[PDB]
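Next up: a single chain in structure tokens, the form deposited in one PDB entry.
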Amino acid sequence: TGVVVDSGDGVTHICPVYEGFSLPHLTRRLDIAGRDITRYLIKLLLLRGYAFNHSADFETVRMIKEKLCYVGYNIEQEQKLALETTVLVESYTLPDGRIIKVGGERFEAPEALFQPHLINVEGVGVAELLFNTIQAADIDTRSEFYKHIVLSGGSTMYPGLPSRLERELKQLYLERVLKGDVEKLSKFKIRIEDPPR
């Protein structure tokens, strides 16, 4: 009886299920999924000097995304790595033999899931949306939901996604539930699923 965060290619959904069925009420939807990230990568890769046409290279960038993109944990941190070092740079070979290099865009592209305005979408970010979806739900069932969030979908495989959500939900809680009691944060039990299959 837990909440499922299923993000595939077309759209991302947050579905709370209780002891058997999904409650159409409370369920939400974010207009930012797999494809949106792929297209966002293309934009980032053009600003870097690579000639990617949105319609002719979509499939190509998608593979770049799937092989190289990941979710940053602490963006300010991920940013410093990209600007101060070269540990993030990876070489990718395109269908024509040309070899491009990808760095900061590896985490920047997926950051859209958390910051929609980046791809000019009005919203709050799958994370903050996951918080509001349960903080509205029954006050008895909450603790259980918070500890049964399972990730589903192709676009939920980004390395470090689970850890990001957990850091986000924790951040919201500390401000929108504990008001700022650092000492009570320890009681916030958050267990995000993410199974192999």
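We call the rigid core whatever largest set of C-alpha positions still superposes within 1.5 Å between the two forms. We number the residues from 1 along the sequence you see.
Across the other entries compared, none leave residue 10 without coordinates where the residues on each side are present, so it is far from a third.
Across the other PDB entries of this protein whose models span the neighbouring residues, residue 20 goes unmodelled in a third or more. Remark: stretch with higher mean C-alpha B factor among 116-124 and 70-78 is 116-124. For the segment pair 61-69 and 129-137, the entry gives 129-137 the higher mean B-factor, averaged over Cα atoms.
Between the residues 55, 163, 143, 155, it is 143 that shows the highest Cα B-factor in the PDB record. In the PDB entry, residue 45 places in the lowest third of its chain by CA B-factor.
The same protein has a further form, the form deposited in another entry, not shown here; the description that follows concerns it.
Positional change of residue 181 between this form and the one not shown reaches 2 Å or more at the C-alpha, relative to the superposed core.
A shift of at least 3 angstroms pushes the Cα atoms of residue 185 and residue 114 further from each other in the other form than in the displayed structure. Shown here is a form in which the CA atoms of residue 183 and residue 172 lie at least 3 Å farther apart than they do in the other form.
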